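Take a look at this single chain in structure tokens; it is the form deposited in one PDB entry.
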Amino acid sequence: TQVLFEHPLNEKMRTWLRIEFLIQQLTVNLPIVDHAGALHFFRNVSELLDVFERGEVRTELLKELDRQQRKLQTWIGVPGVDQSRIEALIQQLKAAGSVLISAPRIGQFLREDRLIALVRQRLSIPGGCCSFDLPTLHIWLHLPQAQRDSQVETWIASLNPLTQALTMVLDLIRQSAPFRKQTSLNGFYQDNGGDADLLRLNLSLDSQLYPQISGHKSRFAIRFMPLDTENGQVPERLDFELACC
């Protein structure tokens, strides 16, 4: 009966969350059988390439992978903790890293693909991607299903070195911190984030509201606002759980 809100506390976590989201959307509506499925797929690809054009994700994500290995290394001597399970986890990190750096250009396969590039151009036009403006797509959707599935696989698997490394670090961020109980007065809250990239906030579906998070330096502030901007309102004592990961 709870709703989890994730909020990035730096431009790093923003990009990673956007990329994580865009990548998993590719594999959500498979297989591609119709226009809807195709346009959903290609647009997610198109939006992925646009994010990639903004800089090099490779360099940041590789620094983050190394960062996590050093943290796990701090836990070796601790009583009770098991060695061969984190060192295997460390070994998976170095593997995800070595593959990422040795990987080709990111999104280049998708960038160079004739059909995808031909759809990418027509996406910026509201009614652009119809059958008469994309006969090439229209004829592609009449092909045997097995031919499309093979193309889709090669397209998604080209993002495998990135997908791996990224999934690794986000899975290790979301496990680094526990949910601490906090309370808000009149729908307001603030704290010093510190050295965290991600806030994880559990509310309540029945609580009738959502968090609006702002930031300054390494500090954050939450103003809980009612989903209904008119019919419903914050209490003066709102209990919630928040993790600083």
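All residue numbers refer to positions in the sequence shown, first residue = 1. We call the rigid core whatever largest set of C-alpha positions still superposes within 1.5 Å between the two forms.
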- Should the higher mean CA B-factor in the entry be assigned to 204-212 or to 60-68? 204-212
- Mean CA B-factor: is it higher for 96-104 or for 80-88? 80-88
- Selection by C-alpha B-factor (highest) of 115, 129, 169, 157: 129
- Query: In the PDB entry, which of 22, 234, 221, 13 has its C-alpha at the highest B-factor?
  - Reply: 234
- Within this chain's modelled residues, let me know which third the CA B factor of residue 55 belongs to: lowest, middle or highest. highest
- According to the PDB entry, is the CA B factor of residue 9 in the bottom, middle or top third of its chain, that is, lowest, middle or highest? middle
- Query: Where does residue 147 sit by CA temperature factor within its chain: lowest, middle or highest third?
  - Reply: middle
- Should residue 121 be placed in the lowest, middle or highest third of its chain by the C-alpha B factor in the entry? highest
- Query: Would the CA B-factor of residue 35 place it in the lowest, middle or highest third of its chain?
  - Reply: lowest
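This protein has a second form, the form deposited in another entry, left out of what is shown; the following refers to that one.
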- Residue from 78, 125, 157, 139 whose Cα, after superposing the rigid core, lies 2 Å or more away between the shown form and the other one: 78
- Core-aligned C-alpha movement of residue 225 between the shown form and the other one, 2 Å or more: no
- Relative to the superposed rigid core, does the CA atom of residue 236 travel 2 Å or more between the shown form and the other one? yes
